[PDB]
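J.:
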Amino acid sequence: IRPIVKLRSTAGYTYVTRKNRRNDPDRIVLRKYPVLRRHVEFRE
Amino acid sequence: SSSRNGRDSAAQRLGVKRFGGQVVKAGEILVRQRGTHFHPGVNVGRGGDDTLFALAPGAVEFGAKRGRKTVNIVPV
RNA sequence: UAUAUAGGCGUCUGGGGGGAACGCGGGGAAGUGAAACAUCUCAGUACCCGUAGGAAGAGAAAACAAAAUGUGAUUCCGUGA
RNA sequence: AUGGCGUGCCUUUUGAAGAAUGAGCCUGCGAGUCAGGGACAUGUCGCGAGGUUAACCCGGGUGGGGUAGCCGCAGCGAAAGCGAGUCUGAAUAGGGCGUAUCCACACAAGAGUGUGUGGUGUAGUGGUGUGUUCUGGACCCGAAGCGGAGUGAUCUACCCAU
RNA sequence: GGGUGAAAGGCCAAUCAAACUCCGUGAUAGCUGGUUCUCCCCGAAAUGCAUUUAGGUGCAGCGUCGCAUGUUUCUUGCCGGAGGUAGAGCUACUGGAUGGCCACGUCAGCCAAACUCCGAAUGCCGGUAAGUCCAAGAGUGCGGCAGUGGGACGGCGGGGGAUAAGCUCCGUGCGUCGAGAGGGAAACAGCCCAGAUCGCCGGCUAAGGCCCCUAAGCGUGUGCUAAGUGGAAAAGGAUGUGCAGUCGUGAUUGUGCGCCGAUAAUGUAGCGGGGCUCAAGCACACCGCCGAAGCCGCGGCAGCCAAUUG
RNA sequence: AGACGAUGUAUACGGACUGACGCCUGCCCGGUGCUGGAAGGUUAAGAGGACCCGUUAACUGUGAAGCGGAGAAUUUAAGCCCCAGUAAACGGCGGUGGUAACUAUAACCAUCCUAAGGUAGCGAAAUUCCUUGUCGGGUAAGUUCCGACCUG
RNA sequence: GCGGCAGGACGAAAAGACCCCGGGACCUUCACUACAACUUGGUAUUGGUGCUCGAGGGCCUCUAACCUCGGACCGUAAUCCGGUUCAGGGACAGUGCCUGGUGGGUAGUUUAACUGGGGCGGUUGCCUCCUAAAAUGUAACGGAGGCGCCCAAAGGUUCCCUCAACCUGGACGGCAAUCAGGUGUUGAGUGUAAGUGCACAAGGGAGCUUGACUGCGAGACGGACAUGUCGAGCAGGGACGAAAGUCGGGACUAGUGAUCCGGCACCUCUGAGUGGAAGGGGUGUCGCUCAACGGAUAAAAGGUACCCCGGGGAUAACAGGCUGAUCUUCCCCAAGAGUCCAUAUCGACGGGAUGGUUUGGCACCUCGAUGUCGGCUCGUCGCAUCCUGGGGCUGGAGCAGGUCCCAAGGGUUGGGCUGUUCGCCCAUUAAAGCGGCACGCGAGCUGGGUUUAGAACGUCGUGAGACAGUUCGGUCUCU
RNA sequence: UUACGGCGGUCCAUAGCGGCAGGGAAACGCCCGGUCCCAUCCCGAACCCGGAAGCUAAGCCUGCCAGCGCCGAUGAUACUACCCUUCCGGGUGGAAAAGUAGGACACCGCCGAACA
Ligand SMILES: [Mg+2]
Ligand SMILES: [Mg+2]
Ligand SMILES: [Mg+2]
Ligand SMILES: [Mg+2]
Ligand SMILES: [Mg+2]
Ligand SMILES: [Mg+2]
Ligand SMILES: [Mg+2]
Ligand SMILES: [Mg+2]
Ligand SMILES: [Mg+2]
Ligand SMILES: [Mg+2]
Ligand SMILES: [Mg+2]
Ligand SMILES: [Mg+2]
Ligand SMILES: [Mg+2]
Ligand SMILES: [Mg+2]
Ligand SMILES: [Mg+2]
Ligand SMILES: [Mg+2]
Ligand SMILES: [Mg+2]
Ligand SMILES: [Mg+2]
Ligand SMILES: [Mg+2]
Ligand SMILES: [Mg+2]
Ligand SMILES: [Mg+2]
Ligand SMILES: [Mg+2]
Ligand SMILES: [Mg+2]
Ligand SMILES: [Mg+2]
Ligand SMILES: [Mg+2]
Ligand SMILES: [Mg+2]
Ligand SMILES: [Mg+2]
Ligand SMILES: [Mg+2]
Ligand SMILES: [Mg+2]
Ligand SMILES: [Mg+2]
Ligand SMILES: [Mg+2]
Ligand SMILES: [Mg+2]
Ligand SMILES: [Mg+2]
Ligand SMILES: [Mg+2]
Ligand SMILES: [Mg+2]
Ligand SMILES: [Mg+2]
Ligand SMILES: [Mg+2]
Ligand SMILES: [Mg+2]
Ligand SMILES: [Mg+2]
Ligand SMILES: [Mg+2]
Ligand SMILES: [Mg+2]
Ligand SMILES: [Mg+2]
Ligand SMILES: [Mg+2]
Ligand SMILES: [Mg+2]
Ligand SMILES: [Mg+2]
Ligand SMILES: [Mg+2]
Ligand SMILES: [Mg+2]
Ligand SMILES: [Mg+2]
Ligand SMILES: [Mg+2]
Ligand SMILES: [Mg+2]
Ligand SMILES: [Mg+2]
Ligand SMILES: [Mg+2]
Ligand SMILES: [Mg+2]
Ligand SMILES: [Mg+2]
Ligand SMILES: [Mg+2]
Numbered sequence: 006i007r008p009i010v011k012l013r014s015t016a017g020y021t022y023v024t025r026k027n028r029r030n031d032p033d034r035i036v037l038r039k040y042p043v044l045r046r047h048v049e050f051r052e
Numbered sequence: 008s009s010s011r012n013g014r015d016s017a018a019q020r021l022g023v024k025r026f027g028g029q030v031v032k033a034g035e036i037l038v039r040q041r042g043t044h045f046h047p048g049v050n051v052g053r054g055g056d057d058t059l060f061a062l063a064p065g066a067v068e069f070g071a072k073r074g075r076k077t078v079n080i081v082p083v
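Protein sequence lines, in the order shown, are assigned to chains 1 and W. With the deposited numbering applied, the first sequence covers 6 to 17, 20 to 40, 42 to 52. Under the deposited numbering, the first residue of the second sequence carries the number 8, and numbering increases by one thereafter.
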């Protein structure tokens, strides 16, 4: 199953993308760029 | 009591839209081509669709290089 | 059955029915339209019931309005649209 | 006398003299209408940056008033808003939609011609004619059936009294 | 939507799977029918897409009228392009596949819509020089009003069918009919010739014809055909016959006509009739004439355009 | 309201199927009904109203009282769930694979399956497709007819 | 002109009843959605003590509300209806409001289209190849296959690398594991169908990373429209790289669903007296096998032989038309069997036609009607001759045959069984021919068959009902 | 200028792949080592850095070979647009593939090298 996860900021849900529950558990933290205007780490 | 087949996809016009000596504006498209039959020369880009398109304005050639068929714009 | 009623008796006054449309109150369709069809429409229309009067209803703010801003019962017409 | 040539009319069809439909005949009646400050095109006429009144009141009438209102005149935006600008946006970054239009000059040079100073200066609106259209039966004829309020057992089905 | 029913959906005033009458009501119908005077100018479509849609309808395509733009449109010659069909080819791949030599390999002869080392003609897109140009009554943009959305057959390239059908579904700046009369094909929407403004008791032609019906040749020259072949047909069969080939007679190969095979039901009845070989048949030559509402001639009308006449 | 039932009272009245008489009426309670039982599970209204949210005297952003918006838990009844009865309730009634001392047949027996596997009686029938089944009677000749057989 | 006969005028009559199409009507049920009716609780009418399970419920009893179609009595010179009064029941029943359940008992409806007629079957959107006729585009129920995803790397970027197969040499270990070394230019590999591409790699490795970004976009492709598709370039702030540079997911094209109405977070946009709030609005995004995939509703199946109306020859059954696969009658070549001998007589395998008489294909005439199988009555024509008549050949002694050619003048029986046609049989005969003519002939006849309404049987269906399955009954109009 | 070394261009083999013999002056090469910068899914092989012992034996370069591969007319034919033809067939333009004649061991452009 490939569910629809929203990415939130540490400050401040701009985005949402498909990742799965089986191959990638402990849902992902990456990084990404509007309110702040810098690339801030985003967690699931 | 027959025909397991009888389906087809929409055609998608897919052909050289600009031939030979033509005046072609800067962003103007040419040869749509699935799977890059023609390769990009000097003043043509290639999109992520394998669609070619002009970079500069000028006159379209159709030449070749290293065996490959090439499209390119030369300036007026 | 007794305080009395229910009834009974005698007497005076009224009501009962008809009418073309308009009135106000209450019940209240369907075909139709939605290119089907239930919500919705047709329509509070047809039809029915009560009850009028020359007209009838409504009517004398437990009303509108938005302050440098006021109008002043109700009904009906034009516009807002 | 005779000779040449020549398969009704309408409807509906790929195609009808059709053996496809419709009419025995004649005379008379029988199908595109009218209402609304309706809507959009388009003539024509009044007045023009303005045009025009509706209820209504005064009249012997079709003639006088009556400025409430509607349309034009500034836009862009979801809106607050600001306005030849405005909106999205961090943005004298682009792009969207407006600035009547057509001219010269300036700059830019270019990726299809842009931005400005200067001149020119716009045309709508109210009657009425025609086309079509909206809401009404809306060009005329034709169902089987649906609902409402009544009328029927002197025919027939059954029961009751005699 | 009730009655009655020893039960059939029977009967309820000649009508009943829901009586009758009036009113809603001029109910509604993507359905069938009907719509009435004239002339002028122009003139379609039967396709694409979407559809509780396929016989309806929306938008585009094609028509018209008016306002813009003023040859861009169409045609032909040049030029610059991309293509993967026809054809061909395959130790050039991918399969299928025949016979030798020794499965492979080698030596040959192949086949293909979904095979391609190859590869046209035509069409297509652009640029350009003229032509048409008192016209195509063009092209493109915007608007008022449309209708059409059941096509048919013929030619050429295909699919489906049995390579059957007057079959069915497609392509084609393909034709005609639809919406085109006239002449030819005996008769005969789709075939050949040709586009009807009107009048004439005038000519010249087209396809197709010229013994008589029937307008014009019993036309002329050199051959063929004996079967009424001409005036239906096959696989085959055969000392019919005319010419040109090839080792006075036999074989042999081409080729022009001809013979048999040949045979369904009202009456000849497979020339349109008569009649034709004393060719009116067939083949190639060659002069003529006939023949249309075409073209021309003379005269009268009207539409658009540019100088009443063209 | 009242009426018929009925100026009747379970030997009566209403409904369902079957259809004089004779001999009979087998097996199935899974499904669906109907009848009873209710110990629990789930649940509607109505009660109940923790915790939130809006506003504002007080405190400079912090929140109690008034007022009113949202309303959770916890509470129940019949039904359904659940357990029984009932087939003259609606209905339902099996499969292949082997075996006898010549052949053939299968008393019998193996193994699946279901709630249970069609009993008596009848059978080419108002039921039988192949079909004018085959056999006997009737006829010079019987796709009909009558009597049997059973591959219903 | 008159008397007659009925073959035609696709005769007259009835806008076909069959068939399909779309409108209606009744009927059915585990279609949908209501409602009646029935039952359940709460709460009004509705009160008083008692005993208890309780975190207001369960019950006891009483009489005064309310009930009795129990009696007597009176209004009253009547089995109605009131009033009085004894006897009963009793805060229960009934009734109002609220509310769960059961609910074809009724009501309004729905129940797709394509389709070589309709039904049954199959199919419906998107991607790829061929049909497709060398631009693009292009039909069929033509021929082949896929999709409703997966990947936190299978993305980004900077580097480096070359495969499969094949031959030769090696413990386990072989025409398959790994090991070296040769020939090897594309066969291998590409997350996933096929095609177009890709060896310069888009194929195979590794290091760091998250551009699988935010605000935008000149210009074209493609299209009825709504969709869809490519995009240099500019800015912010980042990744990799020394740099130039590339990066807005993936070699490419399938992996998706318009609007409406809701859900969540975000923003000082508005806040119907004012200041707040509620609600609205914006930006970002979530909920549809709306798969019949441009989605008619949030919500829907069947029957009609009881049928009805509007249409159609746009579309079936009968007949005509074309076709001739299949049937039918001849024919070409002879492998053969006939003692030997292909051709007395049969003739396999294969090939070519005739006929339109069977089963079909097609949908051209007729649905504002071309009325129906068999039989009877009456025929008429063809010859592919059953008999009679004339011939050749014979594996023809004779008698009686066989086979082929010629010939259409006449003649070609009566019964049994079945609705039959056909067929089997019976007794005869010189012989018991085959076909066409709307499978000749119902304005000439019959009505047994088929094919309306009644009804039972077997079967399928929950049911209404259905069956080229049986069974018995069933208006034949016209001067 | 000569058998030199780089970096290119061609609608990329008439340039290729083999065969046989030649070349080393500067340069390109193999080579010589692994401390320094930098590397291996293991190895200083390769990628790097540091040097010049030993040689042209290989790469690279230049000859001469039609040995494979490639290029390829002319002339016919297939096919074809348009036309004419009552089936058949031809008329005026286009015109292949295949095979054949033969071509071919490339041809150019400006930057160095040692000798001018
Ligand atoms: Mg409607
Ligand atoms: Mg309608
Ligand atoms: Mg027709
Ligand atoms: Mg027409
Ligand atoms: Mg007629
Ligand atoms: Mg007639
Ligand atoms: Mg008719
Ligand atoms: Mg008349
Ligand atoms: Mg008539
Ligand atoms: Mg009625
Ligand atoms: Mg009576
Ligand atoms: Mg019945
Ligand atoms: Mg009657
Ligand atoms: Mg009714
Ligand atoms: Mg014209
Ligand atoms: Mg239209
Ligand atoms: Mg070919
Ligand atoms: Mg249509
Ligand atoms: Mg069509
Ligand atoms: Mg067509
Ligand atoms: Mg055609
Ligand atoms: Mg054809
Ligand atoms: Mg046709
Ligand atoms: Mg003459
Ligand atoms: Mg003569
Ligand atoms: Mg002559
Ligand atoms: Mg003849
Ligand atoms: Mg004969
Ligand atoms: Mg002449
Ligand atoms: Mg019975
Ligand atoms: Mg508070
Ligand atoms: Mg007579
Ligand atoms: Mg008739
Ligand atoms: Mg009809
Ligand atoms: Mg119903
Ligand atoms: Mg249909
Ligand atoms: Mg069919
Ligand atoms: Mg083409
Ligand atoms: Mg194409
Ligand atoms: Mg091995
Ligand atoms: Mg407020
Ligand atoms: Mg659709
Ligand atoms: Mg739809
Ligand atoms: Mg009818
Ligand atoms: Mg027929
Ligand atoms: Mg007929
Ligand atoms: Mg037809
Ligand atoms: Mg008629
Ligand atoms: Mg004969
Ligand atoms: Mg007959
Ligand atoms: Mg009759
Ligand atoms: Mg008759
Ligand atoms: Mg009968
Ligand atoms: Mg049953
Ligand atoms: Mg009888």
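Ideal Cβ placement from N, Cα and C applies to all residues, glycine included.
1) In chain order, what residues of the same chain lie with their CB nearer than 7 Å to the CB of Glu-49 (chain 1), ignoring the 5 residues before and after it?
2) In chain order, what residues of the same chain have a beta carbon less than 7 Å from the beta carbon of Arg-51 (chain 1), not counting five sequence neighbours either side?
3) Have a look at the DSSP bridge pairing and note the partners of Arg-34 (chain 1).
4) Nearest to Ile-80 (chain W) by CA position, among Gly-74 (chain W), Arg-73 (chain W), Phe-60 (chain W), is which residue?
5) Of the residues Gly-70 (chain W), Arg-20 (chain W), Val-23 (chain W), which one's Cα is nearest the Cα of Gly-48 (chain W)?
6) With the cut-off set at 7 Å, would you say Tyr-20 (chain 1) and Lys-11 (chain 1) are in Cβ contact?
7) What residue from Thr-58 (chain W), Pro-64 (chain W), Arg-75 (chain W), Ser-9 (chain W) has the CA that sits closest to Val-38 (chain W)'s CA?
8) Can you tell me which residues form a DSSP beta bridge with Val-31 (chain W)?
9) Bridge partners for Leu-62 (chain W) per DSSP, in chain order?
10) State buried or exposed for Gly-34 (chain W), treating a residue as buried only when at least 16 other CB atoms are found within 10 Å of its CB.
T.: Straight from the coordinates:
1) Locating residue 49 (chain 1) in the first sequence gives position 41, counting from the first residue. Excluding residues within five positions, the ones whose Cβ falls inside 7 Å are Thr-15, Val-36, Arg-38.
2) Against the first sequence, residue 51 (chain 1) aligns to sequence position 43. Within the same chain, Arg-51 (chain 1) has close Cβ partners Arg-13, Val-36.
3) Reading the first sequence from its first residue, position 27 is the one you call residue 34 (chain 1). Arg-34 (chain 1) is not bridged to any residue.
4) Taking the first residue of the second sequence as 1, we reach residue 80 (chain W) at position 73. Among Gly-74 (chain W), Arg-73 (chain W), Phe-60 (chain W), the Cα nearest to that of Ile-80 (chain W) is on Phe-60 (chain W).
5) The residue labelled residue 48 (chain W) in the question sits at position 41 within the second sequence. Considering only alpha carbons, the answer is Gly-70 (chain W).
6) Locating residue 20 (chain 1) in the first sequence gives position 13, counting from the first residue. Locating residue 11 (chain 1) in the first sequence gives position 6, counting from the first residue. Yes. Within cutoff.
7) Reading the second sequence from its first residue, position 31 is the one you call residue 38 (chain W). Checking every option, the nearest Cα to that of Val-38 (chain W) belongs to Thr-58 (chain W).
8) Here residue 31 (chain W) corresponds to residue number 24 of the second sequence, with the count starting at 1. Paired residue(s): none; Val-31 (chain W) is not in a bridge.
9) Here residue 62 (chain W) refers to the residue found at position 55 when the second sequence is read from its first residue. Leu-62 (chain W) is not bridged to any residue.
10) Translated into the one-based positions of the second sequence, residue 34 (chain W) becomes position 27. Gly-34 (chain W) is exposed by the Cβ-count criterion.
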